[PDB]
K.L.:
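Mind looking over this structure? Questions follow.
Side-chain atoms are counted along with the backbone in the values below, which use heavy atoms only and exclude waters and symmetry mates. Per chain, numbering begins at 1; letters A, B, ... match sequence-line order.
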Amino acid sequence: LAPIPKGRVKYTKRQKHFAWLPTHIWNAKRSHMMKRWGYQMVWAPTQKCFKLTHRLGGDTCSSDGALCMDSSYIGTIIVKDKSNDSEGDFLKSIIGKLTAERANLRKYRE
Amino acid sequence: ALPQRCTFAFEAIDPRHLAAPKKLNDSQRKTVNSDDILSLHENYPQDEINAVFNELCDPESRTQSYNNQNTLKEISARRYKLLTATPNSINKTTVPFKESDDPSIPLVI
Amino acid sequence: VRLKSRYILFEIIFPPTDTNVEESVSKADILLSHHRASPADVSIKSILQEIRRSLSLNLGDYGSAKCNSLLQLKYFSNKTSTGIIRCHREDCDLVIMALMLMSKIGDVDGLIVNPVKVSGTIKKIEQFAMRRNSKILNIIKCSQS
Amino acid sequence: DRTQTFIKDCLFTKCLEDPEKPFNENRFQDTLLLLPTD
Amino acid sequence: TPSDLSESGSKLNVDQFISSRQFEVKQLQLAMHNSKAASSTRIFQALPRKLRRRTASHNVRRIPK
Amino acid sequence: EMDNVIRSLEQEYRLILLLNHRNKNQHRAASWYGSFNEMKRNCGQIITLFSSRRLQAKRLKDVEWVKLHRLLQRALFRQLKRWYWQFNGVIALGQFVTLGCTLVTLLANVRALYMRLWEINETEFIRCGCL
Amino acid sequence: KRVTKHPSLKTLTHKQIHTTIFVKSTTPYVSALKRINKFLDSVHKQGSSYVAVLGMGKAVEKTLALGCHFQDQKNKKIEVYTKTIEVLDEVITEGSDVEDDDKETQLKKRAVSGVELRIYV
RNA sequence: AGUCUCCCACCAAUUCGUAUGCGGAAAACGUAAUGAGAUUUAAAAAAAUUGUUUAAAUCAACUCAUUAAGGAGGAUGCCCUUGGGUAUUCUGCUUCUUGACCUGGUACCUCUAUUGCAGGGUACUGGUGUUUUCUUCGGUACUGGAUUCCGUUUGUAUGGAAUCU
RNA sequence: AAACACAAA
Ligand SMILES: [Mg+2]
Ligand SMILES: [Mg+2]
Ligand SMILES: [Mg+2]
């Protein structure tokens with residue numbers, strides 16, 4: 001498990017439980033903050049955007065704009081087969097066990 | 001309208017390099033038919049995509065990307081000295097890219 | 001704090017009371033025969049005095065005293081016979097009933113008063129008046145054919 | 001100041017909708033104080 | 001002198017400041033709008049509330065004790 | 001012919017800096033303050049270069065002519081419209097118009113000096129190495 | 001055979017999208033009238049002249065009905081144009097037991113006739 | 001509701017580079033342990049707010065003064081008496097971006113197209129040096145929409161400029 | 001009316 005990075009001692013000392021996004025200060029100055037799952041993510045901006053998100057990001061046609069989400073809290077694992085530098089017959093079964101064999105199919109591989 | 005398979009990866013410039021978000025060339029906007037979307041499923045540079053993915057996965061190239069990370073003062077001085085260039089006919093508010101003293105950043109879409 | 005106002009839009013309609021003459025039955029024909037014009041002897045102080053007399057004559061003394069606190073005619077022109085009467089949100093029913101019980105002008109007879117729109121601001125009243133004026137032109141253009 | 005006030009009014013009638021609003025409610029200061037706050 | 005020195009600091013009078021610079025403002029308005037300079041209506045509209053901000057204080061800051 | 005324009009420009013820059021020193025904390029986060037601070041940068045960058053006209057005491061320049069040709073076409077036909085639109089929008093609000101009209105007048109008087117410098121320097125611009 | 005249909009390519013820059021109503025097969029009549037009136041009132045603030053009304057397939061009939069309404073109701077000049085629309089459809093080609101959605105997707109073109117209806121002010 | 005404060009561009013840094021009881025982006029912001037205080041006081045009596053507007057037997061309430069984060073050893077108190085858990089106190093390590101500002105001297109490199117000299121940068125030493133403007137003064141950034149012209153495998157795979165609202 | 005200000009009171 002990789003630990004928290006080395007940014008600013010002052011701000012690094014604050015968290016001590018929940019990691020900070022690389023845009024924590026900006027979002028905190030723009031949107032609201034909260035700490036639930038060992039992390040600090042955004043809840044909602046100050047200005048109300050109920051109907052704005054519908055007309056911008058939704059399935060609507062009249063959408064002239066864009067929405068940006070800081071989704072760096074989503075953690076990821078990179079897995080590689082080192083039993084050999086060739087086709088991953090082990091990773092095939094690993095994925096077929098981890099998720100349904102929907103994942104382990106010809107489409108998502110090819 | 002686009003199909004399911006759409007993954008574009010390449011090496012981009014640091015966004016601090018640009019002064020203003022200049023829009024791309026918009027001249028063939030009218031000549032956009034379904035033949036281009038049909039050919040997009042056929043034409044695909046898998047080699048460069050895999051190269052960028054391996055660069056982003058490997059922790060050596062990912063750290064080499066942090067080789068020469070210029071500061072805002074560096075970019076400010078470069079933009080101030082781009083005022084006096086050899087072509088004295090066109091005003092350029094940007095700074096050209098360098099293959100030696102500049103970081104190549106891998107990105108995935 | 002805010003003073004709760006409620007403007008009243010009324011129209012003066014002249015019924016074509018003439019039994020000796022035959023008339024055309026249609027939409028725009030009767031709209032034109034009912035919106036012909038207002039007579040020259042028509043102003044703001046002549047309508048305000050008439051409505052003040054009718055209010056005292058129908059309601060009484062206290063009914064006129066409670067209603068005449070903020071009873072004013074803000075905008076009225078005799079070319080289109082459209083007026084905006086300001087009153088309280090409490091006495092709107094009183095002013096409406098008085099405009100309904102309007103019998104006649106002291107010198108001009110044979111006319112009715114129709115309250116159309118009641119709102120608590122002048123901007124929506126103006127918007128509704130513009131919409132009604134635009135609607136009026138449609139049947140006119142259609143019948144001019 | 002009269003022709004100056006006319007120029008200011010012809011300038012405010014482009015930005016604002018009621019030109020004689022600030023001069024009536026006294027929002028056009030004739031003096032601009034320039035001093036570090038003490 | 002558009003600005004002078006006085007009791008507290010320097011005072012800048014808007015009156016003479018825009019009086020001396022009037023033909024320049026006329027030329028600027030002619031360069032911005034050509035046919036609309038003869039007309040007198042509302043060209044600039046109200047600032048959106050989204051871009052609207054709030055005013056801070058005139059002091060620097062208060063240090064923690 | 002030049003000294004008068006230089007004195008006018010440095011007299012305008014002094015008032016710009018003096019009112020900026022006071023309006024720095026009053027209106028910190030403002031859209032018009034961005035354009036106001038952007039104007040002072042170009043003003044000072046032209047003022048230091050044309051004060052270098054007296055810093056050297058020679059024939060005027062050799063390459064600062066090219067520098068001026070680069071620095072003149074960034075606020076005349078590039079950032080004049082947005083500056084004027086914002087300087088009028090800060091007045092259209094109605095909260096702060098007293099300094100807004102002065103800022104509009106500042107822009108109107110500063111652009112005239114830039115146009116004068118351009119129309120004066122046309123001849124050696126087309127004469128020396130470009131245009 | 002399982003086959004899905006995606007929408008048609010729409011390339012509108014900034015203002016072609018604003019003064020244009022795309023009439024769906026499930027779009028009500030009165031809501032379409034309201035949106036058309038709003039577009040007609042907002043056009044000269046957008047800076048255009050006409051309002052585009054685009055419909056294809058089942059909604060063509062009620063799009064022509066919307067046009068015929070404002071034809072004589074408000075006495076506004078209308079223009080009817082007949083265009084072709086190409087749509088891309090993902091089909092499954094035969095080539096163990098996998099999901100129906102996660103199969104071999106091949107793109108196929110299909111041309112359909114549609115009506116564009118412009119209304120003046 | 002209120003003549004209170006603050007966010008609503010950034011800056012490996014003349015830009016409060018502030019690891020300072022805890023939480024917090026900041027806040028004339030919340031709260032925790034101890035000691036003291038009453039025009040005889042650090043300060044309340046003869047910036048905002050509030051009709052009365054903290055206390056002045058004890059309690060309760062206001063103000064100010066100290067307590068930097070984590071790991072290891074010993075002692076004491078409790079359930080428990082292999083042992084383990086919690087609280088307090090003393091020694092003491094780990095937490096490391098060659099930075100108050102500014103002046104002078106020396107050493108090296110570049111431009112102004114030979115040199116002494118003129119300006120900038122870096123490495124080192126010495127010093128309170130009139131930093132009495134004890135309240136804002138640094139750097140970069142065209143953020144509405146439409147269309148047209150030109151160059152391109154010789155170089156950059158995209159750049160330059162123009163008209164109207 | 002509301003909302004704004006190193007105003008004014
Ligand atoms: Mg209120
Ligand atoms: Mg109030
Ligand atoms: Mg309030």
Side-chain angles (χ1 to χ4, degrees), chain A residues 6 8-14 16 20 24-31 33 35 45-47 64, chain B residues 16 18-22 24-27 69 71-73 75-77 79-80 87 89-94 96-97, chain C residues 1-5, chain D residues 25-27 29 31 33 35-38, chain E residues 9 33-36 43 50-65, chain F residues 17-31 33-35 37-38 40-41 55-56 62-63 73-75 77-83 85-86 93-96 98, chain G residues 13-16 18 46-48:
Chain A
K6 285 183 171 181
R8 179 169 182 184
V9 181
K10 172 183 181 177
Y11 290 142
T12 316
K13 189 194 175 180
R14 288 201 193 273
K16 202 177 173 180
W20 273 16
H24 175 85
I25 301 178
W26 197 88
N27 298 314
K29 262 196 287 191
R30 265 73 168 185
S31 159
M33 283 300 190
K35 308 171 289 185
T46 48
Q47 276 277 2
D64 42 3
Chain B
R16 297 174 291 109
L18 293 179
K22 282 193 303 183
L24 274 70
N25 191 315
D26 52 356
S27 63
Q69 183 173 358
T71 310
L72 272 76
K73 279 191 174 186
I75 296 193
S76 290
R79 253 199 282 267
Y80 177 81
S89 297
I90 45 180
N91 199 358
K92 223 186 186 185
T93 177
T94 184
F97 180 76
Chain C
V1 297
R2 288 166 290 173
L3 190 58
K4 294 253 181 178
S5 296
Chain D
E25 68 180 1
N26 309 282
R27 295 246 179 179
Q29 313 159 21
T31 298
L33 182 62
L35 183 73
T37 301
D38 291 331
Chain E
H33 304 276
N34 293 318
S35 66
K36 267 71 67 177
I43 298 170
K50 186 185 293 293
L51 295 176
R52 197 165 176 185
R53 295 288 173 264
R54 213 171 203 85
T55 80
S57 288
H58 48 283
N59 294 269
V60 185
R61 200 64 69 85
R62 273 193 153 275
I63 198 78
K65 293 207 317 283
Chain F
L17 268 174
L18 278 183
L19 65 90
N20 178 227
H21 155 72
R22 191 179 160 80
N23 287 124
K24 178 79 190 216
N25 276 335
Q26 185 60 255
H27 321 273
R28 192 205 333 267
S31 309
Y33 189 80
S35 309
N37 175 46
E38 181 173 2
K40 165 183 71 69
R41 167 174 62 244
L55 264 77
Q56 291 192 325
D62 43 358
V63 196
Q73 216 180 352
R74 287 185 170 182
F77 288 161
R78 303 289 177 87
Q79 306 161 358
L80 178 72
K81 297 186 138 182
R82 179 175 178 265
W83 283 1
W85 278 102
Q86 281 189 351
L93 267 188
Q95 273 167 189
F96 307 96
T98 297
Chain G
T13 78
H14 173 267
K15 81 171 187 177
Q16 285 171 230
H18 270 293
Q46 258 299 315
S48 165

K.L.:
Give F:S31 one of three labels, base, sugar-phosphate or nothing, depending on what nucleic acid heavy atoms sit under 4.0 Å from its own.
P.N.:
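Result for F:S31 = nothing.
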K.L.:
Between F:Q86 (CD) and H:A141 (P), how many Å, whole number?
P.N.:
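Answer to the nearest Å: 15 Å.
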K.L.:
Nearest whole Å is fine: how far is H:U132 P from D:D38 CG?
P.N.:
16 Å
K.L.:
Aromatic ring centroids of F:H27 and F:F96 under 6.0 Å?
P.N.:
yes
K.L.:
Can you measure B:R79 atom CZ to H:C142 atom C1' for me and round it to whole angstrom units?
P.N.:
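Result: 14 Å.
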K.L.:
Check whether any side-chain N or O of A:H24 sits under 4.0 Å from OP1 or OP2 of H:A25, and answer yes or no.
P.N.:
yes
K.L.:
Picking from H:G70, H:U143, H:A19, which would you name as closest to the side chain of B:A20?
P.N.:
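For B:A20, the side-chain atoms sit closest to H:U143.
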K.L.:
What about H:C101 and H:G129: are they a Watson-Crick or G-U wobble pair, with both distances under 3.5 Å?
P.N.:
yes
K.L.:
May I ask you to say what F:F96 touches in the nucleic acid, namely base, sugar-phosphate or nothing, with a heavy-atom cut-off under 4.0 Å?
P.N.:
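It contacts sugar-phosphate atoms only.
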K.L.:
Checking base pairs now: Watson-Crick or wobble, both atom distances under 3.5 Å. What partners H:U163?
P.N.:
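Pairing partner: H:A146.
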K.L.:
Any base atoms under 4.0 Å from F:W85, or only sugar-phosphate, or nothing? Heavy atoms, all strands.
P.N.:
nothing
K.L.:
Evaluate the base stacking between H:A55 and its strand neighbour H:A56 against centres under 5.5 Å and planes under 30°, returning yes or no.
P.N.:
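Result for this step: stacked.
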K.L.:
Using a 90° cut-off around 0 for syn, call H:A32 syn or anti.
P.N.:
anti
K.L.:
I'd like to know if H:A42 pairs with H:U50, where a pair means Watson-Crick or G-U wobble geometry with both distances below 3.5 Å.
P.N.:
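Donor-acceptor distances not both below 3.5 Å, so no.
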K.L.:
What does the B/S/- profile of nucleotides 148-165 of chain H look like, 5' to 3', with a 4.0 Å heavy-atom cutoff to protein?
P.N.:
----------BSSS---B
K.L.:
Is the phosphate of H:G144, meaning OP1 or OP2, less than 4.0 Å from a side-chain N or O of F:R82?
P.N.:
no
K.L.:
Given atom CG of F:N25 and atom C1' of H:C137, what is their separation to the nearest angstrom?
P.N.:
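After rounding, the gap between these two atoms is 11 Å.
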K.L.:
H:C137 phosphate, OP1 or OP2: any side-chain N/O from F:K24 under 4.0 angstrom?
P.N.:
yes
K.L.:
Establish, with yes or no, whether the OP1 or OP2 oxygen of H:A47 is under 4.0 angstrom from a side-chain nitrogen or oxygen of E:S57.
P.N.:
no
K.L.:
Is H:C11 base-paired with H:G138, counting Watson-Crick or G-U wobble geometry with both distances under 3.5 Å?
P.N.:
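H:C11 matches H:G138 under the WC/wobble rule.
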K.L.:
Tell me if H:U67 and its neighbour H:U66 stack, counting it only when ring centres are under 5.5 Å and the plane angle is under 30°.
P.N.:
yes
K.L.:
Quick check: any donor-acceptor pair below 3.5 Å linking the side-chain of D:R27 to the base of I:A8?
P.N.:
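No, the side chain and the base share no sub-3.5 Å donor-acceptor pair.
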K.L.:
Touch check for G:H14, heavy atoms < 4.0 angstrom, all strands: base, sugar-phosphate only, or nothing?
P.N.:
sugar-phosphate
K.L.:
Taking atom types as modelled and ignoring hydrogens, do the side chains of E:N59 and E:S57 form a donor-acceptor contact shorter than 3.5 angstrom?
P.N.:
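No pair is found: no donor N or O on one side chain lies under 3.5 Å from an acceptor on the other.
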K.L.:
Can you see if the side chain of A:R14 gets near the phosphate of H:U20 - specifically, an N or O under 4.0 Å from OP1 or OP2?
P.N.:
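No, A:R14 has no side-chain N/O under 4.0 Å of OP1/OP2 on H:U20.
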K.L.:
May I ask you to verify if any side-chain N or O of A:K13 is less than 4.0 angstrom from the OP1 or OP2 atom of H:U20?
P.N.:
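Indeed, a polar side-chain atom of A:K13 lies that close.
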K.L.:
Quickly work out the C:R2 CZ to H:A1 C1' distance and round it to whole Å.
P.N.:
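Atom CZ in C:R2 sits about 13 Å away from atom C1' in H:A1.
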K.L.:
Measure from CG on D:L35 to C1' on H:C134 and round the result to the nearest Å.
P.N.:
15 Å
K.L.:
E:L51 CG to H:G144 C1': how many Å, rounded?
P.N.:
11 Å
K.L.:
Does H:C78 pair with anything, Watson-Crick or G-U wobble, both distances under 3.5 Å, and if so, with which nucleotide?
P.N.:
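Base-paired to H:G85.
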K.L.:
Counting the atoms with a prime plus P, OP1 and OP2 as sugar-phosphate, which does A:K35 contact under 4.0 Å by heavy atoms, base, sugar-phosphate, or nothing?
P.N.:
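Sugar-phosphate contact only - A:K35 comes under 4.0 Å of backbone atoms but never of a base.
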K.L.:
Please work out if A:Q47 contacts a base, only the sugar-phosphate, or nothing of the nucleic acid, heavy-atom cut-off 4.0 Å.
P.N.:
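Counting heavy atoms under 4.0 Å across all strands, no contact is made by A:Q47.
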K.L.:
Within the 4.0 Å limit for protein heavy atoms, which parts of nucleotides 8-18 of chain H are touched? Write it as a string from 5' to 3', B for base, S for sugar-phosphate only, - for none.
P.N.:
BSSSSSSBBSB
K.L.:
Specify whether both conditions hold for H:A26 and H:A27: six-membered ring centres separated by under 5.5 Å, and ring planes at an angle under 30°.
P.N.:
yes
K.L.:
Kindly indicate whether H:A9 forms a Watson-Crick or G-U wobble pair with H:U140, where both distances must fall under 3.5 Å.
P.N.:
yes
K.L.:
Take the protein atom CG of A:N27 and the nucleotide atom P of H:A26, then report the distance between them rounded to whole Å.
P.N.:
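About 15 Å, once rounded to whole Å.
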K.L.:
Is there stacking between H:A44 and H:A43 - six-membered ring centres closer than 5.5 Å and planes within an angle under 30°?
P.N.:
no
